[PDB]
Amino acid sequence: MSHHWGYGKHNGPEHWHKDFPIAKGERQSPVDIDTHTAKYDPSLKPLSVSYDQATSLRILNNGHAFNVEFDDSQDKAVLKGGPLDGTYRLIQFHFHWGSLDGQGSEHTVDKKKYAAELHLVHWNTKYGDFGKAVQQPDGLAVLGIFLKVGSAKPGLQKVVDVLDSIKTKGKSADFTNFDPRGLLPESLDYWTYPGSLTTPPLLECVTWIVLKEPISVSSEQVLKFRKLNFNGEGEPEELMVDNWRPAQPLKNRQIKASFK
Ligand SMILES: NS(=O)(=O)c1ccc(C(=O)Cn2cnc3ccccc32)cc1
Ligand SMILES: [Zn+2]
């Protein structure tokens with residue numbers, strides 16, 4: 001039923017459970033990361049992020065966010081190591097962000113909300129494609145990276161500058177040769193836990209890997225995110241803001257830390 005849901009009073013996160021009852025499941029995302037109770041796990045490995053051959057193809061306003069899509073038909077941009085068994089291939093990235101700098105992230109850190117959160121979505125190659133992977137408990141690995149407002153992120157500007165061409169729902173643009181290495185912080189220290197997609201269909205198929213170090217973006221860069229629209233061309237303007245799901249109950253889960 002993946003239309004009719006969105007980020008408002010009458011169709012936002014508190015209503016999703018009527019169409020998608022797994023919304024109240026046992027391993028929903030995002031969560032608050034309580035840094036004091038996350039366990040350092042010396043068995044966790046460094047994360048291996050291998051994006052040197054990533055081939056972006058296109059950027060799309062899907063009406064909830066915008067997606068930068070990658071050709072995932074070959075063995076190219078891969079996440080492995082960390083808490084993962086096997087290899088996961090990059091399919092898309094997107095962001096969640098606020099109406100104001102004080103909110104926007106989906107995960108929180110000791111209840112702190114960041115201005116935005118980047119999700120690099122990868123599927124486990126043992127399942128052959130994304131659509132089969134999402135039906136499995138180890139099907140996806142999502143690398144989450146917080147954004148704070150400060151210095152500009154130069155590697156983000158090619159994204160920001162294309163947004164006026166995909167202002168409205170359903171618009172796409174060639175978006176080739178974008179290098180997602182330019183969106184990564186210096187450290188790959190992370191927290192990890194088992195969870196879910198944060199939008200409908202809310203499937204419980206994700207190993208979450210959330211980096212501790214945020215990236216900085218400028219006020220001007222996030223302001224351009226907030227000029228996007230959730231409506232389609234020729235409809236009344238609803239700014240694309242506050243496209244985040246709040247933290248969900250941790251229930252029977254442990255968050256592990258790769259560090260300290
Ligand atoms: N925010 S997040 O990183 O957790 C996230 C990642 C991916 C998606 C989709 O692919 C949603 N979606 C879009 N089409 C789909 C077909 C099958 C299953 C899911 C599908 C939704 C949320
Ligand atoms: Zn997301």
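For ligands, and for the atoms within them, numbers begin at 1 and follow the listed sequence. These numbers come from the heavy atoms of this one structure, side chains and all, not from hydrogens, waters or symmetry mates. Counting from 1, the numbers follow the sequence of the chain as shown.
Here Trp208 has side-chain heavy atoms under 4.0 Å from ligand 1, and that is the only part of it that gets that close. With a 4.0 Å cut-off on non-hydrogen atoms, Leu197 touches ligand 1 through its backbone as well as its side chain.
Around the Zn ion (ligand 2), the protein contributes the following N, O or S atoms at distances under 2.8 Å: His94 NE2, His96 NE2, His119 ND1.
Close contacts between ligand 1 and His96 involve ligand atoms 1 (N) [criterion: under 4.0 Å to a heavy atom]. Within ligand 1, counting atoms from 1 as listed, the ones closer than 4.0 Å to a heavy atom of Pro201 are 18 (C), 19 (C).
For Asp242 and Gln103, the side-chain atoms include at least one donor-acceptor pair closer than 3.5 Å. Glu106 and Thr198 share a donor-acceptor pair across their side chains, judged by distance under 3.5 Å alone. Side-chain atoms of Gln74 and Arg89 include no donor-acceptor pair closer than 3.5 Å. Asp110 and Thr35 are linked by a side-chain donor-acceptor pair at a separation below 3.5 angstrom, with hydrogens and angles left out of the test. Between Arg58 and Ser172, the side chains place a donor N or O and an acceptor N or O closer than 3.5 Å (distance only, hydrogens not considered). Residues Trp123 and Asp129 bring no donor and acceptor atom of their side chains to less than 3.5 Å of each other. In the model, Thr125 has a side-chain atom that pairs as donor or acceptor with a side-chain atom of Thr87 under 3.5 Å.
For atom 21 (C) of ligand 1, the closest heavy atom belonging to the protein is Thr199 OG1, 3.2 Å. For atom 16 (C) of ligand 1, the closest heavy atom belonging to the protein is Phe130 CE2, 4.5 Å. Looking from atom 17 (C) of ligand 1 to the surrounding protein, the closest heavy atom is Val134 CG2, 4.2 Å.
At least one cation-pi condition fails for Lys132 and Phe130: the charged atom is not both under 6.0 angstrom from the six-membered ring centre and inside a 45 degree cone around its axis.
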Discussion item. Would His96 and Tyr7 count as a ring-ring contact (aromatic ring centres under 6.0 Å, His included) here? Give the steps.
Written reply: CA-CA 11 Å; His96 305 260; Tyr7 289 100; 7.0 Å; no
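For atom 6 (C) of ligand 1, the protein comes within 4.0 Å by at least one heavy atom. For atom 13 (C) of ligand 1, the protein comes within 4.0 Å by no heavy atom at all.
Atom CD of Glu237 has more than 12 heavy atoms from other residues, nucleotides or ligands within 6.0 Å.
The shortest N/O to N/O separation between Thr198 and ligand 1 falls below 3.5 Å. Where the criterion is an N or O separation shorter than 3.5 Å, residue side chain and backbone included, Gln92 fails it with respect to ligand 1.
Note on residues 233-260: pairs passing ring-ring contact (aromatic ring centres under 6.0 Å, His included), not counting sequence neighbours, are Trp191-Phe259.
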